[PDB]
>>> print(open('final.txt').read())   # compact mmCIF, C-alpha atoms and all ligand atoms
# COMPACT_ATOMS: atom_id res chain seq x y z
CA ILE A 1 110.15 63.54 178.47
CA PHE A 2 113.68 63.95 176.94
CA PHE A 3 114.90 60.35 176.38
CA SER A 4 111.80 59.68 174.25
CA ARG A 5 111.70 58.65 170.62
CA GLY A 6 108.28 60.34 170.36
CA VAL A 7 105.72 62.37 172.27
CA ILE A 8 101.92 62.40 172.30
CA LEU A 9 100.82 65.88 173.42
CA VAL A 10 97.52 65.93 175.27
CA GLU A 11 95.40 68.58 177.07
CA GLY A 12 94.85 66.98 180.47
CA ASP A 13 94.91 64.01 182.85
CA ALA A 14 91.96 62.14 181.31
CA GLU A 15 93.71 61.73 177.95
CA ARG A 16 97.00 61.02 179.72
CA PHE A 17 95.58 57.71 181.00
CA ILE A 18 92.94 56.94 178.36
CA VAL A 19 95.26 57.29 175.34
CA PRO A 20 97.75 54.58 176.49
CA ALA A 21 94.80 52.32 177.30
CA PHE A 22 93.51 52.65 173.73
CA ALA A 23 97.06 52.18 172.40
CA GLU A 24 97.30 48.78 174.16
CA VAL A 25 94.05 47.49 172.63
CA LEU A 26 95.20 48.81 169.23
CA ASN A 27 98.43 46.75 169.74
CA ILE A 28 100.50 49.94 169.50
CA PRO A 29 103.06 49.52 172.33
CA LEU A 30 103.89 53.05 173.48
CA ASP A 31 106.37 52.12 176.25
CA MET A 32 108.29 49.64 174.07
CA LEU A 33 108.35 52.15 171.22
CA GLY A 34 109.74 54.80 173.58
CA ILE A 35 106.67 57.04 173.20
CA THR A 36 105.52 59.10 176.19
CA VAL A 37 102.14 60.80 176.69
CA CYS A 38 102.61 64.35 178.01
CA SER A 39 99.86 66.61 179.35
CA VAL A 40 100.30 70.32 178.54
CA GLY A 41 97.75 71.10 181.33
CA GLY A 42 95.47 73.21 179.21
CA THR A 43 95.29 74.22 175.55
CA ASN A 44 98.62 75.96 174.95
CA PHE A 45 100.62 73.50 172.84
CA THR A 46 103.07 76.10 171.50
CA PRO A 47 105.95 75.76 174.06
CA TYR A 48 106.01 71.99 173.52
CA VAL A 49 105.96 72.17 169.73
CA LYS A 50 108.90 74.60 170.08
CA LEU A 51 110.73 72.08 172.26
CA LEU A 52 110.00 69.14 169.91
CA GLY A 53 110.13 70.99 166.57
CA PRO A 54 112.85 71.54 163.95
CA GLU A 55 114.48 74.40 165.90
CA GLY A 56 114.30 72.47 169.17
CA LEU A 57 114.96 68.76 169.73
CA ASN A 58 113.31 67.57 166.46
CA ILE A 59 111.40 64.70 168.12
CA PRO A 60 108.39 63.13 166.32
CA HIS A 61 105.23 64.29 168.09
CA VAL A 62 101.45 64.46 167.73
CA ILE A 63 98.70 66.64 169.24
CA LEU A 64 95.21 65.68 170.48
CA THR A 65 93.00 68.69 171.19
CA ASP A 66 89.29 69.61 171.31
CA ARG A 67 87.51 71.80 168.76
CA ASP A 68 85.48 73.76 171.37
CA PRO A 69 86.97 77.97 167.77
CA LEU A 70 89.38 78.70 169.61
CA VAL A 71 91.11 75.77 167.91
CA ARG A 72 91.88 77.91 164.84
CA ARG A 73 94.23 80.22 166.74
CA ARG A 74 95.60 77.32 168.80
CA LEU A 75 96.64 75.48 165.63
CA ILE A 76 97.91 78.61 163.86
CA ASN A 77 100.22 79.09 166.82
CA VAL A 78 101.74 75.62 166.39
CA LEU A 79 101.70 75.75 162.56
CA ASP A 80 103.74 78.99 162.75
CA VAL A 81 106.40 76.95 164.58
CA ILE A 82 106.41 73.65 162.70
CA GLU A 83 105.90 75.24 159.25
CA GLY A 84 107.89 78.41 159.85
CA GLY A 85 108.03 81.32 157.43
CA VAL A 86 104.60 80.50 155.96
CA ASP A 87 101.50 82.64 156.54
CA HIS A 88 98.32 80.96 157.84
CA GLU A 89 96.16 83.98 158.75
CA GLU A 90 94.34 83.67 155.40
CA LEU A 91 92.90 80.22 156.23
CA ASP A 92 89.57 79.52 157.88
CA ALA A 93 89.08 77.02 160.71
CA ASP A 94 88.52 73.96 158.50
CA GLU A 95 91.55 74.69 156.30
CA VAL A 96 93.76 75.16 159.38
CA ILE A 97 92.42 71.86 160.78
CA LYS A 98 93.00 69.83 157.61
CA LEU A 99 96.45 71.42 157.13
CA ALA A 100 97.32 70.53 160.74
CA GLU A 101 96.57 66.78 160.27
CA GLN A 102 99.61 66.63 157.96
CA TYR A 103 101.80 67.34 161.00
CA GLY A 104 100.01 64.86 163.26
CA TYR A 105 97.79 67.42 165.03
CA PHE A 106 94.26 66.11 165.39
CA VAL A 107 91.05 67.80 166.53
CA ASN A 108 88.17 66.08 168.30
CA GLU A 109 84.69 67.47 167.58
CA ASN A 110 83.13 66.07 170.81
CA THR A 111 84.77 66.30 174.28
CA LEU A 112 86.25 63.00 175.43
CA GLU A 113 84.11 61.72 178.31
CA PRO A 114 80.68 62.47 176.70
CA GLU A 115 81.87 60.81 173.47
CA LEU A 116 82.87 57.67 175.38
CA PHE A 117 79.60 57.68 177.33
CA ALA A 118 77.59 57.84 174.11
CA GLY A 119 80.08 55.81 172.07
CA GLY A 120 79.73 52.48 173.89
CA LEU A 121 81.19 52.90 177.41
CA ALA A 122 77.97 54.20 179.09
CA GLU A 123 77.49 51.27 181.51
CA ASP A 124 81.20 51.12 182.44
CA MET A 125 81.25 54.85 183.20
CA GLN A 126 78.11 54.54 185.33
CA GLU A 127 79.78 51.74 187.28
CA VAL A 128 82.90 53.84 187.97
CA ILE A 129 80.88 56.93 188.97
CA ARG A 130 78.92 54.99 191.61
CA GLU A 131 82.00 53.22 192.96
CA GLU A 132 83.75 56.61 193.34
CA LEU A 133 80.62 58.56 194.39
CA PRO A 134 78.84 55.96 196.56
CA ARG A 135 76.32 58.34 198.19
CA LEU A 136 74.83 59.97 195.06
CA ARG A 137 71.37 61.37 195.71
CA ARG A 138 68.47 59.43 194.23
CA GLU A 139 67.68 62.08 191.59
CA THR A 140 71.24 61.98 190.25
CA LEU A 141 71.31 58.17 190.22
CA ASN A 142 68.05 58.23 188.23
CA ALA A 143 69.44 60.79 185.78
CA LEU A 144 72.55 58.63 185.35
CA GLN A 145 70.38 55.55 184.71
CA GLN A 146 68.44 57.63 182.16
CA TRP A 147 71.65 58.51 180.26
CA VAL A 148 72.63 54.83 180.19
CA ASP A 149 69.23 53.75 178.86
CA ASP A 150 69.42 56.46 176.16
CA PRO A 151 72.97 57.80 175.62
CA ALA A 152 71.69 60.58 173.34
CA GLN A 153 69.92 62.46 176.17
CA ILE A 154 72.97 62.93 178.39
CA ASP A 155 73.09 65.94 180.69
CA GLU A 156 76.67 66.85 179.78
CA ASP A 157 76.98 69.50 182.52
CA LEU A 158 76.21 67.01 185.28
CA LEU A 159 78.28 64.19 183.76
CA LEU A 160 81.40 66.35 183.58
CA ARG A 161 80.62 67.74 187.06
CA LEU A 162 80.57 64.21 188.52
CA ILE A 163 83.79 63.26 186.69
CA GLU A 164 85.60 66.42 187.84
CA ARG A 165 84.46 65.76 191.44
CA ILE A 166 86.01 62.27 191.23
CA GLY A 167 89.11 63.74 189.55
CA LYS A 168 89.57 63.62 185.77
CA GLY A 169 92.73 61.51 186.06
CA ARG A 170 91.36 59.17 188.74
CA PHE A 171 88.24 58.64 186.62
CA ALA A 172 90.24 57.89 183.45
CA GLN A 173 92.47 55.40 185.31
CA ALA A 174 89.41 53.57 186.68
CA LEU A 175 87.81 53.56 183.21
CA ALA A 176 90.94 52.52 181.28
CA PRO A 177 90.52 48.71 181.91
CA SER A 178 87.14 48.87 180.11
CA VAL A 179 88.18 50.44 176.78
CA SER A 180 88.25 48.20 173.73
CA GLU A 181 89.37 48.62 170.14
CA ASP A 182 85.86 49.23 168.79
CA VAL A 183 85.04 52.26 171.03
CA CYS A 184 88.27 54.15 170.23
CA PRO A 185 87.55 57.74 169.09
CA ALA A 186 88.81 58.39 165.56
CA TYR A 187 91.07 61.28 166.51
CA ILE A 188 92.92 59.14 169.10
CA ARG A 189 93.39 56.30 166.58
CA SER A 190 94.63 58.82 163.99
CA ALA A 191 97.22 60.27 166.38
CA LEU A 192 98.39 56.87 167.65
CA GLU A 193 98.83 55.60 164.09
CA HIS A 194 100.60 58.82 163.03
CA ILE A 195 103.28 58.66 165.77
CA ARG A 196 103.63 54.87 165.35
CA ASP A 197 104.21 55.35 161.61
CA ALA A 198 106.80 58.07 162.23
CA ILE A 199 108.79 55.96 164.70
CA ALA A 200 108.54 52.78 162.60
CA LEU A 201 109.66 54.67 159.48
CA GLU A 202 112.90 55.71 161.21
CA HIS A 203 113.57 52.00 161.78
CA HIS A 204 112.76 51.31 158.09
HG HG B 301 107.00 65.09 177.78
HG HG B 302 107.55 67.09 176.21
HG HG B 303 105.45 63.55 180.43
>>> encode(input="final.txt", output="structure tokens", more="lines below")
Ligand SMILES: [Hg+2]
Ligand SMILES: [Hg+2]
Ligand SMILES: [Hg+2]
Amino acid sequence: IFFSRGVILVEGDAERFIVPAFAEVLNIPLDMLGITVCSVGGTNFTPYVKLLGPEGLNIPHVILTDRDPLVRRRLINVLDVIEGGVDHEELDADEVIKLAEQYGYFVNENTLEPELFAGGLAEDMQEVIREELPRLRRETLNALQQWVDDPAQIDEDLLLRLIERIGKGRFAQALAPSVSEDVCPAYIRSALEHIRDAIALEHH
């Protein structure tokens, strides 16, 4: 918001509710620290970096975004703000990505819900889907049971289709009680630790 000590910038509603849930099980207390999670409702982070950057309010902030590329241009647009005057057109995607981590901007190589399904939350996500979609046809229920039994053969199209039908935010809120420290995606842990460190250092 505007009375925050820090901001975690996020693409949509799923991260808006999953990120605080992972913060709690990492013992990083976002509310007590005065850190708010803000959805930019898409992939354009530039207005928010302008608001929170050195020429705006100068508020510690981090970014969580998906590789998809077109992430190179997306990050060049925020690097032009937070590292102004410097040219970045010469850099390739990987150099832009590793430069961006210095400013707390982190890229995920695998979209959030499929990563969680594969990365240890398969049976919890199946339980939410069937609570929220209680009249799934038999073929879809069998496909979903097949992804649980073998989380490397997920039909990603159908999984995301089911989650979007439930509502990405509603799904994330229903899943949030199930997350644990050991299934936290690396890019979320990196961003949470980065903003925590920045706020704690100001106390130091
Ligand atoms: Hg905000
Ligand atoms: Hg904001
Ligand atoms: Hg917000």
>>> atom_distance(input="final.txt", atom1="CA of residue 168 (chain A)", atom2="CA of residue 14 (chain A)")
5.3 Å
>>> closest_atom_pairs(input="final.txt", of="chain A", to="ligand HG 303 (chain B)", cutoff="6 Å", atoms="all atoms listed in the file", output="CSV")
residue,atom,partner,partner_atom,distance
A:1,CA,B:HG303,HG,5.1
A:37,CA,B:HG303,HG,5.7
A:38,CA,B:HG303,HG,3.8
>>> residues_around(input="final.txt", residues="residue 177 (chain A)", least_positions_apart="3", cutoff="8 Å", atoms="only C-alpha atoms", output="ChimeraX atom specification")
/A:21,173-174
>>> closest_atom_pairs(input="final.txt", of="chain A", to="ligand HG 301 (chain B)", cutoff="9 Å", atoms="all atoms listed in the file", output="tab-separated table")
residue	atom	partner	partner_atom	distance
A:1	CA	B:HG301	HG	3.6
A:2	CA	B:HG301	HG	6.8
A:4	CA	B:HG301	HG	8.0
A:6	CA	B:HG301	HG	8.9
A:7	CA	B:HG301	HG	6.3
A:8	CA	B:HG301	HG	7.9
A:9	CA	B:HG301	HG	7.6
A:36	CA	B:HG301	HG	6.4
A:37	CA	B:HG301	HG	6.6
A:38	CA	B:HG301	HG	4.5
A:39	CA	B:HG301	HG	7.5
A:40	CA	B:HG301	HG	8.5
A:48	CA	B:HG301	HG	8.2
>>> residues_around(input="final.txt", residues="residue 107 (chain A)", least_positions_apart="6", cutoff="9 Å", atoms="all atoms listed in the file", output="NGL selection string")
:A and (63-67 or 71 or 97 or 100-101 or 187)
>>> closest_residue(input="final.txt", among="A:22, A:62, A:83, A:137", to="ligand HG 302 (chain B)", atoms="all atoms listed in the file")
A:62
>>> atom_distance(input="final.txt", atom1="CA of residue 194 (chain A)", atom2="CA of residue 3 (chain A)")
19.6 Å
>>> atom_distance(input="final.txt", atom1="CA of residue 131 (chain A)", atom2="CA of residue 110 (chain A)")
25.6 Å
>>> residues_around(input="final.txt", residues="residue 161 (chain A)", least_positions_apart="5", cutoff="12 Å", atoms="all atoms listed in the file", output="list in words")
residues 113, 114, 129, 133, 140, 155, 156, 166, 167, 168 and 171 of chain A
>>> closest_residue(input="final.txt", among="A:116, A:195, A:184, A:10", to="residue 151 (chain A)", atoms="all atoms listed in the file")
A:116
>>> closest_residue(input="final.txt", among="A:15, A:51, A:199, A:27", to="ligand HG 302 (chain B)", atoms="all atoms listed in the file")
A:51
>>> residues_near_point(input="final.txt", point="(98.0, 60.3, 162.0)", cutoff="6 Å", atoms="all atoms listed in the file", output="PyMOL selection string")
chain A and resi 104+190-191+193-194
>>> closest_residue(input="final.txt", among="A:49, A:25, A:162, A:118", to="ligand HG 302 (chain B)", atoms="all atoms listed in the file")
A:49
